[PDB]
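Data block below; observations after.
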Amino acid sequence: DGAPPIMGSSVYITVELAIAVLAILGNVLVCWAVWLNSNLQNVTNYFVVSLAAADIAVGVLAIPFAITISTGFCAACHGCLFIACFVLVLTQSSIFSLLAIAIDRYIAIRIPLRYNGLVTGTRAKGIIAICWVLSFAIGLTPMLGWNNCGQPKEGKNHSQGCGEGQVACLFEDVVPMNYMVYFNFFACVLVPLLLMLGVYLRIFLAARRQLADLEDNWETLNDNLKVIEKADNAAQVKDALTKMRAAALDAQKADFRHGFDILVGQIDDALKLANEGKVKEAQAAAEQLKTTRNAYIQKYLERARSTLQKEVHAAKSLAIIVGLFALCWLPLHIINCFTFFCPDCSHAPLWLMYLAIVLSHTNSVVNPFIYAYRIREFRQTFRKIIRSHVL
Ligand SMILES: CC(C)CCC[C@@H](C)[C@H]1CC[C@H]2[C@@H]3CC=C4C[C@@H](O)CC[C@]4(C)[C@H]3CC[C@]12C
Ligand SMILES: CC(C)CCC[C@@H](C)[C@H]1CC[C@H]2[C@@H]3CC=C4C[C@@H](O)CC[C@]4(C)[C@H]3CC[C@]12C
Ligand SMILES: CC(C)CCC[C@@H](C)[C@H]1CC[C@H]2[C@@H]3CC=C4C[C@@H](O)CC[C@]4(C)[C@H]3CC[C@]12C
Ligand SMILES: Nc1nc(NCCc2ccc(O)cc2)nc2nc(-c3ccco3)nn12
């Protein structure tokens, strides 16, 4: 019978409302930016908007629900559940959006060739609708009978003076911890997180191998070239050109058709000279390759390299989003593991719980900062919106 609970409550409520303000405003800005900047209207950013929608709803609904449930007010058992579990629906929706973004970027880097034919806005819209419906079904599963409404706290319900059937609106009293640990954490959160880790691993490895391939083809072009200038045999020259020719048309698979046709044509010219024993003609006809290389091949192998670099830098930016999600949500999941798995442990203290709850809510405010910071197109669009509207 120490400090009045209203004092602790005041800090918690004030902080929660400060978070709600920032989650709403920042994520409204993201949606506004995607709405009037056609450079941002792609499939990838439709999942960004779905993710922003979930974070707006955290400020508008989940946080007010969190404040309400903290009071332990007397209400319907299934009413409490909805208040208690709605945040999950939003958290699950966030998981699906993050997973979809990963797969989208994976498809884009491995088969850029058939990316626009496979991944369309119409199909993305259908994927998003389905994921929202699945998120409701997963998040509100306790309302289907997996709850403690059948086992009410006799003592608490009489202390608070609830009516008949009514019950305080506690979180750990109505939502079973085996649902939270096994179903929600392990299956619905941790498994998708590990899948996202895997997808991003492949993204970075695919980028690393492609770059390499081009570097190998580029060095193959120039070495076989230097072998040409020193050889003394007709077949010695013909060997370095057939190997230079394979590397020519393979680098071609990674306006510019002209650059590669002059190159491969010049190699074939030098080939028939070599076959007819005309060594010095072959060596001199192969020496004009280096100006075709310096006027086309070099120009395309820098441009392909900078495109891959941008895809890597973009993938890193999106991976940070997933990292901060895990950082904000793992403490709460870990606390629940201790509650569930260690009955010999005294329960984590109230101040720590609420610190972990506050931390999970702040994850819906760092997003917009990552965007404007990591992605130029977002930053420039926010700049314009801020400077124009409503000034
Ligand atoms: C976005 C719009 C829909 C506003 C959010 C709708 C919310 C506020 C609605 C949907 C279901 C409603 C709840 C349904 C059941 C109960 C149990 C009752 O003993 C107290 C009221 C309470 C807790 C209701 C409060 C309001 C409620 C939570
Ligand atoms: C990135 C992933 C693996 C994070 C999840 C790690 C979790 C599941 C690990 C990390 C530390 C572990 C806990 C360490 C201590 C205890 C106390 C013991 O009496 C019950 C098990 C329990 C509660 C462990 C359960 C599993 C645990 C919570
Ligand atoms: C994933 C990263 C952030 C590590 C997680 C840090 C926090 C959440 C971890 C580190 C040490 C953990 C605590 C270790 C000891 C106890 C005492 C036990 O009676 C209740 C759980 C509690 C209070 C644990 C809760 C979770 C905990 C506080
Ligand atoms: N354990 C828990 N508690 C609460 N609220 C109740 C906090 C509490 C803690 C102790 C106590 O005696 C009474 C109430 N919300 C919670 N949300 C979550 C959660 C959300 C997502 C994953 O876990 N876990 N969680």
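Going through the structure tokens in order, the chains are called A, B, and so on, while each chain numbers its residues from 1 and the ligands are numbered from 1 in the order shown.
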
Apply DSSP to the structure's backbone, then extract all residues of range 62-220 of chain A labelled alpha helix (DSSP H) and return them as a PyMOL selection string. chain A and resi 63-70+77-110+121-139+154-159+171-174+177-178+191-220

Could you report the residues within 7 Å of ligand 3, using only C-alpha atoms and all ligand atoms, as a list in words? residues 327, 330, 331, 332, 334, 335, 338, 339, 345, 346, 347, 348 and 349 of chain A

Please dump the current selection as a tab-separated table (two decimals), in the first residue's frame; keep C-alpha atoms.
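What landed in part_36.tsv:
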chain	number	residue	atom	x	y	z
A	327	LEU	CA	13.94	-4.98	-31.72
A	330	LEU	CA	11.09	-9.15	-29.10
A	331	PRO	CA	11.28	-7.91	-25.47
A	332	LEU	CA	7.53	-8.38	-25.01
A	334	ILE	CA	10.72	-12.74	-24.40
A	335	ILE	CA	8.97	-11.57	-21.23
A	338	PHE	CA	9.67	-16.25	-19.00
A	339	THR	CA	6.12	-15.97	-17.67
A	345	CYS	CA	10.30	-17.17	-11.60
A	346	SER	CA	8.57	-14.19	-10.00
A	347	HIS	CA	6.66	-12.30	-12.66
A	348	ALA	CA	8.36	-9.48	-14.54
A	349	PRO	CA	7.55	-6.22	-12.71

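Across A:24, A:2, A:58, A:16, the tightest approach to residue 368 in chain A is made by A:24 when counting only C-alpha atoms.
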
Neighbour list for range 186-199 of chain A as a PyMOL selection string, cut-off 12 Å, only C-alpha atoms, skip fewer than 2 positions in-chain: chain A and resi 88-89+91-107+109-110+134-135+137-139+178-184+201-206+315-316+318-327+329-330+333-334+336-337

Nearest to ligand 2 by atom-to-atom distance, counting only C-alpha atoms and all ligand atoms, from A:294, A:87, A:359, A:185: A:185

Quick one: residues within 7 Å of ligand 1, with only C-alpha atoms and all ligand atoms, as a PDB file with C-alpha atoms, in the first residue's frame?
ATOM      1  CA  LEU A  61      -7.121   2.329 -32.102  1.00  0.00           C
ATOM      2  CA  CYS A  74     -15.231  -4.533 -15.807  1.00  0.00           C
ATOM      3  CA  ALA A  75     -16.639  -5.567 -19.185  1.00  0.00           C
ATOM      4  CA  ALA A  76     -17.737  -8.509 -21.331  1.00  0.00           C
ATOM      5  CA  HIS A  78     -15.442 -11.292 -25.387  1.00  0.00           C
ATOM      6  CA  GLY A  79     -15.516  -7.535 -25.368  1.00  0.00           C
ATOM      7  CA  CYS A  80     -12.245  -7.537 -23.424  1.00  0.00           C
ATOM      8  CA  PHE A  82     -11.416  -7.803 -28.776  1.00  0.00           C
ATOM      9  CA  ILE A  83      -9.852  -4.875 -26.949  1.00  0.00           C
TER      10      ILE A  83
END

Selection: 12 Å around residue 310 in chain A, only C-alpha atoms, excl. self and same-chain fewer than 2 positions, as a list in words: residues 105, 109, 204, 207, 303, 304, 305, 306, 307, 308, 312, 313, 314, 315, 316, 317, 374, 375 and 376 of chain A

Requested write-out: N, CA, C and O atoms of the selected residues, as a PDB file, in the first residue's frame:
ATOM      1  N   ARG A 105      11.340  -7.738 -53.652  1.00  0.00           N
ATOM      2  CA  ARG A 105      12.700  -7.375 -54.011  1.00  0.00           C
ATOM      3  C   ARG A 105      13.523  -8.581 -54.435  1.00  0.00           C
ATOM      4  O   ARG A 105      14.423  -8.444 -55.250  1.00  0.00           O
ATOM      5  N   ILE A 109      15.406  -8.853 -58.219  1.00  0.00           N
ATOM      6  CA  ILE A 109      16.844  -9.039 -58.485  1.00  0.00           C
ATOM      7  C   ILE A 109      17.260 -10.348 -59.182  1.00  0.00           C
ATOM      8  O   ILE A 109      18.312 -10.387 -59.827  1.00  0.00           O
ATOM      9  N   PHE A 204      21.299 -10.476 -51.026  1.00  0.00           N
ATOM     10  CA  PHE A 204      22.673 -10.000 -50.991  1.00  0.00           C
ATOM     11  C   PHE A 204      23.636 -10.947 -51.686  1.00  0.00           C
ATOM     12  O   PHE A 204      24.609 -10.497 -52.291  1.00  0.00           O
ATOM     13  N   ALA A 207      23.202 -10.574 -55.549  1.00  0.00           N
ATOM     14  CA  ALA A 207      23.856  -9.349 -56.002  1.00  0.00           C
ATOM     15  C   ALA A 207      25.371  -9.528 -56.060  1.00  0.00           C
ATOM     16  O   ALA A 207      26.012  -9.125 -57.015  1.00  0.00           O
ATOM     17  N   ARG A 303      27.192   0.969 -65.826  1.00  0.00           N
ATOM     18  CA  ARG A 303      25.781   1.238 -65.602  1.00  0.00           C
ATOM     19  C   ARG A 303      25.059   0.044 -64.966  1.00  0.00           C
ATOM     20  O   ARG A 303      24.203   0.222 -64.103  1.00  0.00           O
ATOM     21  N   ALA A 304      25.409  -1.168 -65.381  1.00  0.00           N
ATOM     22  CA  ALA A 304      24.848  -2.372 -64.762  1.00  0.00           C
ATOM     23  C   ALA A 304      25.332  -2.523 -63.325  1.00  0.00           C
ATOM     24  O   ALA A 304      24.593  -3.009 -62.479  1.00  0.00           O
ATOM     25  N   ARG A 305      26.573  -2.121 -63.057  1.00  0.00           N
ATOM     26  CA  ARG A 305      27.136  -2.204 -61.708  1.00  0.00           C
ATOM     27  C   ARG A 305      26.435  -1.222 -60.762  1.00  0.00           C
ATOM     28  O   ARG A 305      26.135  -1.580 -59.629  1.00  0.00           O
ATOM     29  N   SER A 306      26.170   0.000 -61.225  1.00  0.00           N
ATOM     30  CA  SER A 306      25.498   1.004 -60.386  1.00  0.00           C
ATOM     31  C   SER A 306      24.026   0.684 -60.156  1.00  0.00           C
ATOM     32  O   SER A 306      23.468   1.067 -59.132  1.00  0.00           O
ATOM     33  N   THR A 307      23.397  -0.005 -61.104  1.00  0.00           N
ATOM     34  CA  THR A 307      22.030  -0.490 -60.899  1.00  0.00           C
ATOM     35  C   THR A 307      21.978  -1.558 -59.799  1.00  0.00           C
ATOM     36  O   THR A 307      21.099  -1.532 -58.947  1.00  0.00           O
ATOM     37  N   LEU A 308      22.919  -2.495 -59.828  1.00  0.00           N
ATOM     38  CA  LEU A 308      23.006  -3.519 -58.788  1.00  0.00           C
ATOM     39  C   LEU A 308      23.318  -2.914 -57.429  1.00  0.00           C
ATOM     40  O   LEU A 308      22.725  -3.317 -56.435  1.00  0.00           O
ATOM     41  N   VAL A 312      21.077  -3.190 -53.965  1.00  0.00           N
ATOM     42  CA  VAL A 312      21.656  -3.602 -52.681  1.00  0.00           C
ATOM     43  C   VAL A 312      21.391  -2.544 -51.607  1.00  0.00           C
ATOM     44  O   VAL A 312      20.989  -2.875 -50.495  1.00  0.00           O
ATOM     45  N   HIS A 313      21.620  -1.279 -51.938  1.00  0.00           N
ATOM     46  CA  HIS A 313      21.407  -0.187 -50.984  1.00  0.00           C
ATOM     47  C   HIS A 313      19.934  -0.082 -50.583  1.00  0.00           C
ATOM     48  O   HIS A 313      19.628   0.164 -49.417  1.00  0.00           O
ATOM     49  N   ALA A 314      19.032  -0.284 -51.546  1.00  0.00           N
ATOM     50  CA  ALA A 314      17.590  -0.294 -51.269  1.00  0.00           C
ATOM     51  C   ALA A 314      17.194  -1.471 -50.390  1.00  0.00           C
ATOM     52  O   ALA A 314      16.414  -1.310 -49.469  1.00  0.00           O
ATOM     53  N   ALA A 315      17.734  -2.650 -50.676  1.00  0.00           N
ATOM     54  CA  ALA A 315      17.447  -3.843 -49.877  1.00  0.00           C
ATOM     55  C   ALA A 315      17.947  -3.711 -48.446  1.00  0.00           C
ATOM     56  O   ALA A 315      17.304  -4.224 -47.526  1.00  0.00           O
ATOM     57  N   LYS A 316      19.087  -3.036 -48.260  1.00  0.00           N
ATOM     58  CA  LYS A 316      19.613  -2.760 -46.914  1.00  0.00           C
ATOM     59  C   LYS A 316      18.663  -1.861 -46.137  1.00  0.00           C
ATOM     60  O   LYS A 316      18.394  -2.102 -44.957  1.00  0.00           O
ATOM     61  N   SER A 317      18.159  -0.830 -46.814  1.00  0.00           N
ATOM     62  CA  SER A 317      17.226   0.112 -46.204  1.00  0.00           C
ATOM     63  C   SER A 317      15.968  -0.592 -45.704  1.00  0.00           C
ATOM     64  O   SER A 317      15.501  -0.323 -44.596  1.00  0.00           O
ATOM     65  N   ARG A 374      16.822   6.970 -45.625  1.00  0.00           N
ATOM     66  CA  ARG A 374      17.390   6.057 -46.597  1.00  0.00           C
ATOM     67  C   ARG A 374      17.018   6.116 -48.085  1.00  0.00           C
ATOM     68  O   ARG A 374      17.778   5.771 -48.972  1.00  0.00           O
ATOM     69  N   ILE A 375      15.819   6.587 -48.342  1.00  0.00           N
ATOM     70  CA  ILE A 375      15.332   6.677 -49.725  1.00  0.00           C
ATOM     71  C   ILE A 375      15.117   8.097 -50.224  1.00  0.00           C
ATOM     72  O   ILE A 375      14.262   8.819 -49.708  1.00  0.00           O
ATOM     73  N   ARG A 376      15.899   8.482 -51.231  1.00  0.00           N
ATOM     74  CA  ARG A 376      15.906   9.849 -51.746  1.00  0.00           C
ATOM     75  C   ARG A 376      14.528  10.300 -52.232  1.00  0.00           C
ATOM     76  O   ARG A 376      14.102  11.411 -51.937  1.00  0.00           O
TER      77      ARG A 376
END

Atom pair CA of residue 356 in chain A / atom 12 (C, counted along the ligand's line) of ligand 2: separation (Å):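 If I compute the distance from CA of residue 356 in chain A to atom 12 (C, counted along the ligand's line) of ligand 2, I get 17.0 Å.
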
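For the pair CA of residue 384 in chain A and CA of residue 57 in chain A, the interatomic distance is 25.4 Å.
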
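The space between atom 9 (C, counted along the ligand's line) of ligand 4 and CA of residue 367 in chain A spans 27.7 Å.
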
Of the listed residues A:17, A:131, A:352, A:177, that which approaches residue 148 in chain A most closely, counting only C-alpha atoms: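 With only C-alpha atoms as the atom set, the closest residue is A:177.
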
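The residue that comes closest to residue 214 in chain A, out of A:380, A:252, A:159, A:116 and on the basis of only C-alpha atoms, is A:252.
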